[PDB]
There are 2 protein chains.
Amino acid sequence: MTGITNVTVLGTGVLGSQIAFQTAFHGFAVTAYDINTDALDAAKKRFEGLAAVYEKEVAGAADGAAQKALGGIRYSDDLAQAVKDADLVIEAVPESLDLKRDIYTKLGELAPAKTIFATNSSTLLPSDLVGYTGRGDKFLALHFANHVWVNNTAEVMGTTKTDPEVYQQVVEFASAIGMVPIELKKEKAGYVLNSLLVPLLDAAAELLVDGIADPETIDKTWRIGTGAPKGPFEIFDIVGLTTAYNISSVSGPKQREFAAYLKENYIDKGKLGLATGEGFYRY
Amino acid sequence: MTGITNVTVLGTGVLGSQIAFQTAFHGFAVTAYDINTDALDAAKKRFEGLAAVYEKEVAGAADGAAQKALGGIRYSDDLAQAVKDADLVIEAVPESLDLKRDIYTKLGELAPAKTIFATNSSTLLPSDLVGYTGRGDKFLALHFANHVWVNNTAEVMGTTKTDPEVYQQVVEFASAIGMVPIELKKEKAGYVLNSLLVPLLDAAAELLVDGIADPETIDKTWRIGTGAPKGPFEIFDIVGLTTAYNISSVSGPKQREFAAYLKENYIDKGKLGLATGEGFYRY
C-alpha cells in the first residue's frame with residue numbers, strides 16, 4: 001500500500017555506511033549487506049561512529065534517536081536473503097567493473113521483480129552497468145557526497161531505459177531521507193557537481209604548476225572574485241590530496257604534472273590536507 | 001622624494017573612469033585623458049555618478065570627500081600634456097591592437113623617462129604590446145574588475161622584461177588605492193580570476209546546452225556542494241548575457257553552441273541578466 005519501505009545497501013564502506021545510516025535514521029527498514037561477518041563487524045563499527053556524529057551534528061538525532069536507528073539496522077552476508085523483500089537496493093561496492101558486473105547479474109536474479117536498483121558509482125555510468133541488471137527500466141544512479149548528513153545532495157541519473165515512474169520514486173525517496181535531489185535529465189560522467197568542480201580545480205592547479213601564482217593568491221582571488229567561502233586549494237585540502245593525486249595522475253598532461261607536484265611537495269611529506277592537519281594550508 | 005604621485009589614465013570609459021576615480025579618491029593627482037572635449041564631457045558625467053555611488057557605498061567618501069576627489073581630477077585631450085609629469089600611466093583604451101599600438105608608440109615618446117606604463121587589457125598580453133612602449137622594464141599589466149570599489153582586486157602581471165622594482169612599486173600603488181594586489185609571477189592570458197571562472201562557466205553551460213540539467217539545478221548543486229553564494233547561472237546574469245554571448249561566440253564548439261542558446265533564448269527576448277532585471281533568473 002506504499003512505495004519504498006525496505007532498503008538494502010550493498011557495501012558497508014565509507015559511502016555505503018553513510019547511505020545506510022541516513023536511510024535508517026529517516027525511518028526506512030535497512031539491511032546492510034557485505035561479504036562476510038568480518039566486514040559486517042566493521043560495518044557495525046562504522047554505524048556506531050555515525051550514530052555518535054549524528055547525535056552531535058544532525059537535527060533530531062539527539063536523545064537516543066540515532067541509537068534507535070542504529071539498533072534497527074539488519075546485517076546480512078547472504079545476498080539472496082539481503083534483498084528478498086527489498087523495494088530498493090543501493091549499490092556502493094568498490095569501483096570495479098568485474099565486481100559490479102557479478103553483483104548486478106546475481107542481484108537481478110535474486111531480487112524480487114519490484115526491486116529498484118540504484119548505483120552510487122563515481123567512475124561508472126549506469127549505461128556501463130545496465131545490461132547486467134536484467135531490469136533496465138528499474139536501474140539508475142543515485143549518487144551521494146561524502147558526509148551525506150551535511151553535504152546532502154543526491155544526484156539522480158538514469159539511462160534512456162529508465163522508467164520515469166521509477167526515477168520519480170527515487171527522487172521522492174531521496175527527499176524522504178533528507179537529501180536535496182539533483183535531477184539530471186541525461187547521463188553525464190561526473191554528474192553535475194564533479195562536472196563543475198573538476199574544471200575549476202584543474203584551472204587552479206595549472207596556474208600553480210605553471211608558476212603563475214601561489215596557492216594563497218589563487219584562493220584569495222576566487223574568494224574575492226566570486227564571494228565563495230573557500231578557494232580551490234582550500235577545497236583540495238578538503239577533498240584530500242591523496243585523492244586529488246590519484247585522480248590527477250590518470251588525467252591529462254597538465255593534470256599529471258600537478259599529480260607529480262603534489263606527490264613531490266605534499267604526499268611525500270605526509271601533508272595530505274584536512275585529514276593530517278596540513279595540506280596546502282596548515283590546520 | 002617619493003614614488004608615484006601623478007597618475008594619468010588613458011581612456012574614460014566604464015573601466016577607465018572607475019580606475020581614475022578610485023585613484024583620485026585615494027589622494028593621488030589624477031589626469032583623465034581622452035580624445036576630444038566631447039569624450040571629456042562624458043567622463044565628467046561618469047565621474048559625477050561615481051562620486052554619488054562612492055558617497056553611498058564607499059567608506060570615507062561621505063560628507064564631501066567623494067566631491068573633493070571629483071573636483072581635483074584634471075581633464076586633458078592632449079596626450080603630451082596629459083602625461084608630461086606622470087609617474088604612472090594606466091591605459092584603459094578600447095580593446096584594439098592598432099589602437100593600443102599607436103597609443104604606446106606615442107606614449108613612449110611623450111612620457112618622461114620615469115613613467116611606468118600599465119595596461120588594463122583583458123584581451124591583450126603585455127607581451128603583445130611591450131615592443132611599442134620603448135620601455136619594457138617599465139611596462140606591465142594592472143588589471144581591475146568592473147565595480148573596482150567593491151570587487152577590489154588588482155591583478156599585477158609583467159613580462160620577462162619588467163623591472164622587479166617597478167613591479168613592486170605598482171603592487172604598492174595598488175594597495176595605496178585600496179585594492180588587493182593579486183601578484184602573478186609570469187604572464188597568463190586571463191590572469192588569475194578569468195582563468196578560474198571561465199572553466200566553471202563553460203562547464204555549467206555545457207550541462208545546460210547538452211540537456212543534462214536546468215539552470216536552477218546546476219546552481220543549487222554548486223551552492224550546496226561548495227558553499228558558494230551564487231551558482232554559475234546567477235554569475236552569468238551578473239556578468240551580463242550580452243557579454244557572455246560575445247565571449248562564447250568566439251570560443252570553442254561547445255561554447256559557440258551556448259552562444260546560440262543564449263542568443264535564441266535570452267538575447268533575442270531582451271533577457272540580458274542583472275541589467276535588464278531578468279536573465280536566467282527574474283529579478
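Before moving on, here are some points about what is shown:
- Gyration tensor analysis over the Cα atoms of the stretch A:4-127 returns equivalent ellipsoid semi-axes of 24, 15, 13 Å (largest first, whole Å).
- Gap separating the Cα centres of the stretch B:8-68 and the stretch A:98-176, nearest whole Å: 59
- Put a dot 7 Å past the Cα of residue A:42, heading toward its Cβ, do the same for residue A:123, and the two dots end up 1.7 nm apart.
- Taking every DSSP beta bridge that has both ends in the protein assembly as shown, the antiparallel portion is near 20%.
- Extents of chain A, largest first, come to 61, 45, 36 Å (Cα atoms, principal axes, whole angstrom).
- Placing dummy labels 7 Å off each Cα toward the beta-carbon, the span from residue B:161 to residue A:52 is 6.4 nm.
- Average beta carbon contacts from partner chains per residue of A:176-185, 10 Å cutoff: 3
- Inter-chain neighbour count for B:205-217: the average number of beta-carbon atoms from partner chains within 10 Å of each residue's beta-carbon is 4.
- Loop trypsin sites (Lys or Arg not before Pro), the stretch B:14-50, which have at most 10 other Cβ atoms in a 10 Å radius of their Cβ (DSSP): none
- Maximal additional length on extending the residue B:220-residue B:76 stretch stands at 46.9 nm, based on 0.36 nm per residue less the C-alpha distance.
- P(r) of the stretch A:61-178 over all Cα-Cα pairs, binned every 5 Å from zero, in whole percent: 2, 11, 20, 22, 21, 15, 6, 3, 1, 0
- For the stretch B:1-193: relative contact order, % (alpha-carbon pairs under 8 angstrom, 6 or more apart): 20
- Pairs with C-alpha atoms separated by more than 26 Å, drawn from the list A:220/B:220; B:56/B:188; A:186/B:220; A:100/A:186; B:185/B:220, are B:56/B:188; B:185/B:220.
- Considering only chain B, percent of DSSP beta bridges that pair antiparallel, nearest 5: 20
- Radius of gyration over Kirkwood radius for the protein assembly as shown, both on Cα atoms: the Rg/Rh ratio is 1.07.
- In this simple spin-label approximation, residue B:109 and residue A:264 carry label points 7 Å from Cα along the Cα→Cβ vector, and these lie 4.8 nm apart.
- Helical mean residue ellipticity (222 nm; -39500 (n - 2.57) per DSSP H run of 4+; nearest 500) of chain A: -15000 deg cm²/dmol
- The spread of Cα positions in the stretch B:122-239, taken along each principal axis and listed from longest to shortest, comes to 51, 28, 20 Å.
Rule-based calculations on the coordinates, nothing more; no lab input. As a convention, Cβ positions derive from the backbone with ideal geometry for all residues, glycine included, and neighbour counts pool all protein chains shown.
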